[PDB]
Amino acid sequence: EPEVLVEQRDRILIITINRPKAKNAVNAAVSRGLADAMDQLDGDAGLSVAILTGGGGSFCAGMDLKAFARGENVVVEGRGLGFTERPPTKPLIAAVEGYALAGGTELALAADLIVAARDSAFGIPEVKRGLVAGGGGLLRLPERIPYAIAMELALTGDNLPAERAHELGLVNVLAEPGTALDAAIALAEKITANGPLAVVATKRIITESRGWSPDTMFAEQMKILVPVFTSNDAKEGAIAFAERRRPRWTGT
Amino acid sequence: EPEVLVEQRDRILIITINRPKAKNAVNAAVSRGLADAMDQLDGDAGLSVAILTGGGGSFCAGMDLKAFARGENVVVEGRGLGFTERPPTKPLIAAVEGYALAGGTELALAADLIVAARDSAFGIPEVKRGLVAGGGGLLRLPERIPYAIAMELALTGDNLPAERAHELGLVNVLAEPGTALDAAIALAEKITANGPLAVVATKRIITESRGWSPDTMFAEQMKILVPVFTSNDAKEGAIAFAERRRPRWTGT
Amino acid sequence: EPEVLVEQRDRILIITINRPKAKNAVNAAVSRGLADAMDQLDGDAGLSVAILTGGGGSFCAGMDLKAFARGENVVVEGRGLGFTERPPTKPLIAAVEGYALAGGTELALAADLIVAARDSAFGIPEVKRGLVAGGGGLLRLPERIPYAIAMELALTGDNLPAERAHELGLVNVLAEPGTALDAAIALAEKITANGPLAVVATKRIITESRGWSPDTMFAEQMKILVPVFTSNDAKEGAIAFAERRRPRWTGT
């Protein structure tokens, strides 16, 4: 039985970490499984969005310290912890139950959107063990929540309850306990209903603009805009809207 | 009757999009009218602040798709949608009633401050039509509200209610329905009461610092600081404060 | 009696501006005193965290305008207002009571974390006197709170009440009036309990990553990570955790 489970529902790829006895800690198998799933997402024209979740009601306790201690290839060159150093092109939603800690919070941060149960919690407690959250936690958390709160969490290693995380803008959708995945599917379906080229281009511009200067951002953006505006889907979108009916996207 | 109306009240320029039957959608006339108004604002020494609003109780439904479809010069080279690619030097407040959607939200984002009615709403639904919000929406929204919420709005095309937008920091002032312009005038008057050179320099530093490195930001800032500190208004400000009375600014 | 008081409590350096009759305004003596305290913090292996506070129930009214007017060396080359242009390496918490205005807000912004009394207030009213908040206020406030609110505060010179500042993410901890320092000590103790090399490295990555590109951030981060992961404290942290007891850090 695979330690990462994958199920396709229409155009949504549901990815489930399947090590509940190990609190879904990331070992070599999970790291590879996550990378393979992201490859599948981006490579399959029939997929639009992925959801990442942890089986059994707990998202991810972080990297498997035992697996790490004994030489498992957990942090993979070019990919990081599963995909922390190589986020997918298509949208990724993290559906969080229970604890998303350390590497677990870093997986969530590598996703684009977070749906979290009201009783879930985040955190990067690495400094408590004289270590540092090097899987993107320090690079992404201050960009997702207010800088000083990210600093506080990083220096103290305190847990961040989901409801506070929603107040701070880290969590998009608060769900009833046990229903985060269903809430995430609803979110995914809203995104898969939109133009696939436009959705991917939109994510691309938001992510890449972080590295653009104010003086160049519009010209850099234009290069991404043109293939969308001349696509078949751009025509179909205009036709469908004018005819008040659902657009039939082709991703071309 | 002009499709963009302009009224000067003391040192405040009130700019009103005047196409209520077209939901104040931006066509060629409105685009040019907005650009002319911003030129007027920045060029007139007797003006300190502008307010942009949509006549009739709805801010702006976005770009006029019909005007666009039939070849109106709506997105002007060097300026964008009115002024989206050329924001004014002096402060601009958007006073939002009803819907500010797509290009309408992009106009608001190109302003510095937003006053919005409690029953108003924002959004960038471009992906629903297989298009992308290329008028600065994707470049500015993630800088105004938490990154993940900006991502969510961009990928889903969902409306953002004004009250939520205030929670997220996009909206400065929530106003009673129908009173956004009056609230905006109150805000504008607070700013026009302050030193005009200092106000413009302050905006300049906040906007331009986005493109400065940590190692250079103070030296870059200094170049903007010096002309302010040696201005006539700097002297007048100190004198007025010491004498507990209103400063008589000259903008020199 | 020194105009800046310094007390060591275990590994915490408590720094108190001691000019209550002058609302703890920063003159030459206070500027130098603050710089010396930060040097002490960073230079002493027995110190982990500092707390900055204003004696008597008011944080800092800003730069001493009288001292400034008559030629005191208040803004020191290479350091700024005390330390605004040279923030410490180790974590700094500002414990705010009463008013932190102008230069006072800039001192707080140069700290990493802010604990503020529920009845305290911030602000950068420089534009009211035809001046500009050049001590880092304009460079840091838009990075700590939502951009548009930072713009609003900078252009209006309005006070920012502590409770609103907490909503916006500027204030980490809201304290009962008169108890901000005790709340700050609790926060400091949480941080001093964590691995000193890991804490300093964590702060370093969060602060320096502001000037890194997305394409280089992980490689830049790695250089800071390696000395932490190979430290004696990394070993001790792992041992202590496995033995369910407190780690005895050495800062090596």
# chains A, B, ... in the order shown; residues from 1 in each chain; ligands from 1
$ interface_residues --of "chain C" --to "chain B" --cutoff "10 Å" --atoms "only C-alpha atoms" --output "mmCIF file with C-alpha atoms, in the first residue's frame"
data_model
loop_
_atom_site.group_PDB
_atom_site.id
_atom_site.type_symbol
_atom_site.label_atom_id
_atom_site.label_comp_id
_atom_site.auth_asym_id
_atom_site.auth_seq_id
_atom_site.Cartn_x
_atom_site.Cartn_y
_atom_site.Cartn_z
ATOM 1 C CA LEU C 65 13.489 68.444 18.144
ATOM 2 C CA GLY C 80 20.785 56.408 12.323
ATOM 3 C CA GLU C 85 20.161 52.156 10.122
ATOM 4 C CA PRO C 125 3.171 62.515 11.796
ATOM 5 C CA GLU C 126 6.250 63.990 10.045
ATOM 6 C CA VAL C 127 4.267 65.297 7.039
ATOM 7 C CA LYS C 128 2.247 67.526 9.389
ATOM 8 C CA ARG C 129 5.446 69.552 9.891
ATOM 9 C CA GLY C 130 6.374 69.439 6.215
ATOM 10 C CA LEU C 131 8.935 66.719 6.900
ATOM 11 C CA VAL C 132 9.309 63.047 6.010
ATOM 12 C CA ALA C 133 9.788 59.975 8.236
ATOM 13 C CA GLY C 134 13.322 59.209 7.049
ATOM 14 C CA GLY C 135 14.438 56.951 9.891
ATOM 15 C CA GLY C 136 13.086 53.817 8.238
ATOM 16 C CA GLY C 137 9.403 54.488 8.858
ATOM 17 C CA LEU C 138 8.580 54.688 5.161
ATOM 18 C CA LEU C 139 10.908 51.799 4.322
ATOM 19 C CA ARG C 140 9.608 49.395 6.961
ATOM 20 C CA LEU C 141 5.972 50.225 7.788
ATOM 21 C CA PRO C 142 4.646 49.133 4.355
ATOM 22 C CA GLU C 143 6.424 45.823 4.947
ATOM 23 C CA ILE C 145 1.254 46.232 7.766
ATOM 24 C CA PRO C 146 -0.877 46.276 4.615
ATOM 25 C CA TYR C 147 0.630 48.638 2.044
ATOM 26 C CA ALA C 148 -2.384 50.938 1.743
ATOM 27 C CA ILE C 149 -2.724 51.389 5.503
ATOM 28 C CA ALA C 150 0.971 52.244 5.710
ATOM 29 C CA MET C 151 0.401 54.777 2.891
ATOM 30 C CA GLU C 152 -2.608 56.221 4.730
ATOM 31 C CA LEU C 153 -0.713 56.621 7.991
ATOM 32 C CA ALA C 154 2.268 58.162 6.209
ATOM 33 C CA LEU C 155 0.212 60.696 4.210
ATOM 34 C CA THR C 156 -2.190 61.693 6.993
ATOM 35 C CA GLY C 157 0.127 61.464 10.001
ATOM 36 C CA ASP C 158 -2.743 59.858 11.951
ATOM 37 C CA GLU C 167 -5.150 43.601 13.844
ATOM 38 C CA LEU C 168 -2.767 44.735 11.108
ATOM 39 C CA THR C 207 15.814 39.772 7.099
ATOM 40 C CA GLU C 208 18.303 39.084 4.287
ATOM 41 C CA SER C 209 15.867 37.189 2.041
ATOM 42 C CA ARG C 210 14.200 40.544 1.334
ATOM 43 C CA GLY C 211 17.125 41.196 -0.991
ATOM 44 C CA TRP C 212 17.237 37.766 -2.631
#
$ select_by_dssp --residues "stretch 37-222 of chain B" --states "alpha helix (DSSP H)" --output "VMD selection string"
chain B and resid 37 to 43 65 to 69 103 to 110 137 to 144 147 to 156 162 to 167 180 to 192 196 to 208 217 to 222
$ residues_around --residues "residue A:118" --least-positions-apart "6" --cutoff "9 Å" --atoms "only C-alpha atoms" --output "number ranges by chain"
A: 97, 161-163, 174-177, 180
$ write_last_selection --atoms "C-alpha atoms" --output "PDB file, in the first residue's frame"
ATOM      1  CA  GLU A  97      -6.445  18.668   9.285  1.00  0.00           C
ATOM      2  CA  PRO A 161      -3.889  27.841  15.325  1.00  0.00           C
ATOM      3  CA  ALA A 162      -5.869  27.662  12.077  1.00  0.00           C
ATOM      4  CA  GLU A 163      -8.343  30.362  13.094  1.00  0.00           C
ATOM      5  CA  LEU A 174     -11.686  27.593   7.397  1.00  0.00           C
ATOM      6  CA  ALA A 175     -13.519  24.271   7.394  1.00  0.00           C
ATOM      7  CA  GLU A 176     -15.407  22.298  10.023  1.00  0.00           C
ATOM      8  CA  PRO A 177     -13.122  19.631  11.561  1.00  0.00           C
ATOM      9  CA  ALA A 180     -11.175  20.332   4.930  1.00  0.00           C
TER      10      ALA A 180
END
$ atom_distance --atom1 "atom CA of residue A:96" --atom2 "atom CA of residue A:55"
9.9 Å
$ closest_residue --among "B:52, B:4, B:28, B:121" --to "residue B:69" --atoms "only C-alpha atoms"
B:28
